[PDB]
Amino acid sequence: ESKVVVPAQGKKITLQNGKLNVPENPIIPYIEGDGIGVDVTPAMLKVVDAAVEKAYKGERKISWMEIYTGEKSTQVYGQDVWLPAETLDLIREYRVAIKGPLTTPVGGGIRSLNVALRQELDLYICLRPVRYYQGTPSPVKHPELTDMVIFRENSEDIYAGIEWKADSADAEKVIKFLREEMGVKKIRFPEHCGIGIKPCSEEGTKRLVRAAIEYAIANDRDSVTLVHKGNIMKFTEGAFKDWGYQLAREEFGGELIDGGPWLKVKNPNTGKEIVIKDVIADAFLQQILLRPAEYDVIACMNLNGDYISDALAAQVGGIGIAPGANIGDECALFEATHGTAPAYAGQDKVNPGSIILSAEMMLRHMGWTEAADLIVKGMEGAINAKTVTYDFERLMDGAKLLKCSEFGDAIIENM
């Protein structure tokens, strides 16, 4: 029944002792993505192929394999198949995959497909690196001061999707339990009240922060900031902050700075002292504008990560080019972060920067750093050449308007 055709030439990536074993001909699954995925994905495929072809001079080559999810899944596999079991099986099986913009339909009680993928594959790490690309028009005066890496927790928080509708039997049942058995007196209006649950575990926190610190060490980053709203949500957000610092101490030998609360972890490979600190979420949102240079690697919960990532993107003018990744212990799915933009779908005019940069993250994740570097090199040259897509062009003077595909080429030309 499967419509997924595995490439004749191509070998599956394997995982052993926590390290990926990537052949020179890896099979990489890809989900086109709804809307503009039809435009961005082809550009991504061409630039990636160019990047690897150039980097390894024909020695290596990715064997792309199309898998389905979203609007296209229904057209391929049928009426109500928005996310086939095989897609989860395939991504897991092939360890590394990429996808275009996805959307979840309303009216059928279906929940976020993007979240379905993250949660079902236990892709607990949402990696969002936000940096500025010289030349990109931005709403701020000094976007270049932004060079941060977002480590957003992907398996917990209010995002779990645990909630009950107002007036429904369950909502009543839960509220009754809360007020009567839990002695909750802080529910301002118990009647006609929708209830949501916000979970946070020590293990969930530890693995995220652990991934963030290990990243700072690996990339010789200056600090890791734990963002949270612990002053209000002590047992969830405050706990995240507590466990974050605790992990820094327990596993990385973090020592106290001054009289607290900041810790310092000596990079075992560079001798550099990485600062482990924290800031309240609402203040952080101000500090990213006021003092962006003071920050680097960020570790936060699901919802905050969502907001923080979007805010950072907007500032540097990367709302349409922000790369993203969902990493887990067995597999990883890279994705275009922007929406589907159905109105422009098919016009070959949208900016492929997001998906392409996410593919650069993909290559780097596969250890193909030379190819990854070629993509970022291309991006910088193209953007800096003011030869861009409409979204950039409309905010500039003397820029050359390029089509989605044409921008792809521009990147290739600048490799």
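One rule holds for the numbers: they count along the sequence shown, beginning at 1.
Look at the C-alpha B-factors of 225 to 233 and of 101 to 109. On average they run higher in 101 to 109. Stretches compared: 270 to 278, 324 to 332. Higher mean C-alpha B-factor in the entry: 270 to 278. Take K141, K206, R128, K176 and read off each C-alpha B-factor from the entry; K176 has the highest. The PDB entry assigns its highest CA temperature factor, among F252, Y344, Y245, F284, to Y344. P42 sits in the middle third of its chain by CA B factor, as recorded in the PDB entry.
When the modelled residues of the chain are ordered by their C-alpha B factor, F151 lands in the lowest third.
Ranked within its chain, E32 lands in the highest third, by CA B factor from the PDB record. In this PDB entry, the Cα temperature factor of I412 sits in the middle third of its chain's modelled residues. In this PDB entry, the Cα temperature factor of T340 sits in the middle third of its chain's modelled residues.
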